[PDB]
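Participant: Chains as they are written, first to last, in the deposited numbering: chain A, 16 to 34, 37 to 67, 69 to 125, 127 to 130, 132 to 184, 184A, 185 to 188, 188A, 189 to 204, 209 to 217, 219 to 221, 221A, 222 to 246; chain B, 1 to 55.
Cβ atoms here follow ideal geometry from the backbone N, Cα and C, with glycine treated the same way.
#1: Quick check on the DSSP output: the alpha helix (DSSP H) that includes residue 235(A) runs from which residue to which?
#2: Mind listing the chain B neighbours of residue 66(A)? Cutoff is C-beta to C-beta under 9 Å, in chain order.
#3: Go ahead and pull the three-state DSSP assignment for residue 170(A).
#4: Can the beta-carbon of residue 235(A) be found less than 8 Å from the beta-carbon of residue 129(A)?
#5: Can you find at least 3 beta carbon pairs, one from the region 170-178 of chain A and one from the region 222-236 of chain A, that sit closer than 8 Å?
#6: Measuring only the C-alpha atoms, how far is residue 233(A) from residue 210(A)?
#7: With a threshold of 6 Å on Cβ separation, who are the neighbours of residue 37(B) within its own chain once the five nearest residues in sequence on each side are excluded?
#8: Would residue 189(A) be called buried (16 or more neighbouring beta carbons within 10 Å of its own) or exposed?
#9: Leaving out the 5 sequence neighbours to the left and right, which residues in its chain are closer than 7 Å to residue 32(B) when beta-carbon positions are compared?
#10: In the DSSP assignment, find the alpha helix (DSSP H) that holds residue 54(B) and state where it starts and stops.
#11: In chain B, which residues lie with their C-beta within 9 Å of the C-beta of residue 41(A)?
#12: Residues of chain C with a CB under 8 Å from the CB of residue 11(B): which are they?
#13: I think residue 85(A) touches residue 212(A), with their Cβ atoms under 8 Å apart; what is that distance to the nearest whole Å?
#14: Ordered along the chain, which non-local residues of its own chain (more than five positions away) have a Cβ less than 6 Å from that of residue 302(A)?
#15: Does residue 11(A) pass the burial test, meaning 16 or more other C-beta atoms within 10 Å, or should it be called exposed?
#16: From 61(A), 198(A), 92(A), 122(A), pick the residue whose C-alpha is nearest to that of residue 140(A); which is it?
#17: Can you say whether residue 229(A) is buried or exposed, counting buried as having 16 or more other CB atoms within 10 angstroms of its CB?
#18: What number of angstroms, rounded off, separates the C-alpha of residue 10(B) from the C-alpha of residue 24(B)?
#19: Have a look at residue 34(B) and residue 186(A) and give me their C-alpha separation to the nearest angstrom.
#20: Starting from the C-beta of residue 27(A), find all residues in its chain whose C-beta is less than 6 Å away, skip the five residues before and the five after it, and write them out in chain order.
#21: At a cut-off of 7 Å, would you count residue 199(A) as near the ligand ATP, judging by its Cβ distance to the nearest heavy atom?
#22: Hey, would you say residue 32(A) sits closer than 8 Å to residue 73(A), going by beta carbons?
#23: Does any CB atom of chain B fall closer than 8 Å to the CB of residue 221A(A)?
#24: For a quick check, are the C-beta atoms of residue 195(A) and residue 58(A) less than 8 Å apart?
#25: Buried or exposed for residue 6(B), going by 16 or more other Cβ atoms inside 10 Å?
What follows is the structure, given as structure tokens:
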């Protein structure tokens, strides 16, 4: 997260991390046993970490649960980034408490101008590398689809929307992928891609979770 | 030199941090970077040894 602030400790209990040797992506806990992330965060073996604030200095109250099933959207395409969304089934249900709890699926798509909250442990610099141990937060508005498309001509599919600032300086960044964009208490986006981080006219592009609510429910039910 | 050894390291547009190595032409050494998980260029390797072997 570039240009953000440090989230209050455990103020985002739905925020999880994907781990394989190190923290490589984020995710969102959407039910006891299921996490939403980005398909480009796919690996065959993943440890999910929940309840974290500082990823290096563990309090001892965190939950570490291996992914039992890791399912990318079947129309995910690595070159176009279309349908960049993935479900993880945890090998056991997470224990729901003040620090680990779910984020609601969206009941309407995101409206242009709606304020959202984007979070993760990604790079905090546009032109350098500073990877924070403490979870970072960013308030940012949903952009019009026209601003989105104009920023990335030919690249914005129906599965995508833009959130951020055309003036640059505030964005998600590498190591944030897979994490949440929350608007009005609902998971609207998954952190996906952008051209650099926080560059002028290159806002973050996010997978539109609303488009996948039915796929999410079908996948959960079929794997229950 | 293999041409790709002289490509600028490219994390690509995706926003993961997949640990990879690239050949740094200024330092003549292989260095670790966060590859975002898509696109990028061939100056990218899984291990320091592959980067050292190729470059």
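Facilitator: So, from the data block:
#1: For the purposes of this step, residue 235(A) is taken as the residue at position 213 of the first chain. Per DSSP, residue 235(A) belongs to the alpha helix (DSSP H) from 235-244.
#2: Position 49 of the first chain, counting from 1, holds the residue named residue 66(A). Chain B residues near residue 66(A): none, gap ~15 Å exceeds 9 Å.
#3: As a working mapping, residue 170(A) is identified with position 150 in the first chain. Note: residue 170(A) maps to helix in three-state DSSP.
#4: Counting from 1 along the first chain, the entry for residue 235(A) is found at position 213. Counting from 1 along the first chain, the entry for residue 129(A) is found at position 110. Not a contact, by the Cβ cut-off of 8 Å.
#5: yes
#6: Stepping through the first chain from its first residue, residue 233(A) is reached at position 211. Stepping through the first chain from its first residue, residue 210(A) is reached at position 188. Cα to Cα, residue 233(A) sits roughly 10 Å from residue 210(A).
#7: Counting from 1 along the second chain, the entry for residue 37(B) is found at position 37. Taken in chain order, the residues that qualify are 14, 16, 18.
#8: Here the question's residue 189(A) lines up with position 171 in the first chain. Buried.
#9: What you label residue 32(B) is simply residue 32 of the second chain in a count that begins at 1. Excluding residues within five positions, the ones whose Cβ falls inside 7 Å are 19, 21.
#10: Stepping through the second chain from its first residue, residue 54(B) is reached at position 54. Counting along the chain, the alpha helix (DSSP H) containing residue 54(B) begins and ends at 48-54.
#11: Start at 1 with the first residue of the first chain, and residue 41(A) comes out as number 24. Correct list: 16, 17, 18, 19, 34, 37.
#12: You won't find chain C in this structure, because its protein chains are A and B.
#13: In the first chain, the residue the question calls residue 85(A) occupies position 67. In the first chain, the residue the question calls residue 212(A) occupies position 190. Not confirmed; about 16 Å, so no contact.
#14: Shown here, chain A extends from 16 to 246; a query on residue 302(A) therefore has no answer.
#15: There is no way to answer for residue 11(A), as the model of chain A reaches only from 16 to 246.
#16: In the first chain, residue 140(A) corresponds to position 120, counting from 1. The residue with the shortest Cα to Cα distance from residue 140(A) is 198(A).
#17: Taking the first chain and counting its residues from 1, one reaches residue 229(A) at position 207. Buried.
#18: Along the second chain, read from residue 1 onward, the residue named residue 10(B) stands at position 10. Along the second chain, read from residue 1 onward, the residue named residue 24(B) stands at position 24. Cα to Cα, residue 10(B) sits roughly 12 Å from residue 24(B).
#19: Locating residue 34(B) in the second chain gives position 34, where the first residue counts as 1. Locating residue 186(A) in the first chain gives position 167, where the first residue counts as 1. Between residue 34(B) and residue 186(A), the C-alpha separation is close to 25 Å.
#20: The residue labelled residue 27(A) in the question sits at position 12 within the first chain. Closer than 6 Å at Cβ, skipping near neighbours: 139.
#21: Among the components of this structure there are no ligands whatsoever, and the ligand ATP is therefore not found.
#22: Locating residue 32(A) in the first chain gives position 17, counting from the first residue. Locating residue 73(A) in the first chain gives position 55, counting from the first residue. Cβ atoms of residue 32(A) and residue 73(A): closer than 8 Å.
#23: Along the first chain, one-based indexing puts residue 221A(A) at 199. No - not a single Cβ of chain B is within 8 Å of the one on residue 221A(A).
#24: Against the first chain, residue 195(A) aligns to sequence position 177. Against the first chain, residue 58(A) aligns to sequence position 41. Yes, they are a contact pair.
#25: Position 6 of the second chain, counted from the start, is the residue given in the question as residue 6(B). So residue 6(B) counts as exposed.
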